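Just below is one structure, and these are the notes that go with it.
Laid out in structure tokens, this is it:
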């Protein structure tokens, strides 16, 4: 053990941090009058409708 | 001069007792509210600015 033959010192480190995420949203509010353009075999009604508003510059 | 134009299709049974129907019960509602005079021309983009808004890289 003389002459620092067995003296030793070591250190080590390892680090990892990952993360992730996502999100989506949508809202819609209004009222629209549509018209029936087809009646299906079970009585369900296909409906289509369009509202066009022009206010000033569009 | 300001113009308010309306067009659409109305169900007779949606009309109230005072001969009125809200605009949300009209099927193909076309609503327009426009004007003329220098007040209306002051709300139009210049031709160069419109050209840039449509063709500028950013």
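Chains as they are written, first to last, in the authors' numbering: chain A, 117 to 174; chain Z, 175 to 232. Think of the CB as a built atom: it goes at the ideal place given N, C-alpha and C, for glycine as much as any other residue.
query	result
From the DSSP output, in three-state form, read off residue 132 of chain A for me.	coil
Less than 8 Å separating the beta-carbons of residue 208 of chain Z and residue 177 of chain Z?	yes
How would you write the range of the beta strand (DSSP E) that residue 117 of chain A sits in, first residue to last?	No beta strand (DSSP E) holds residue 117 of chain A; DSSP gives it neither H nor E.
Can you give me the Cβ contacts of residue 219 of chain Z inside the same chain, cut-off strictly under 8 Å, excluding the 5 residues immediately before and after it?	227
Along the segment 153-170 of chain A, what residues have a CB closer than 8 Å to any CB found in chain Z?	165, 166, 167, 168, 169 and 170
Would you verify that the beta carbon of residue 212 of chain Z is, or is not, closer than 8 Å to some beta carbon of chain A?	no
Looking at residue 203 of chain Z: is its Cβ nearer than 8 Å to the Cβ of residue 194 of chain Z?	no
Output the boundary residues of the alpha helix (DSSP H) element that contains residue 224 of chain Z.	221-229
Applying the criterion that 16 or more other CB atoms from any shown protein chain within 10 Å of the CB defines a buried residue, is residue 149 of chain A buried or exposed?	buried
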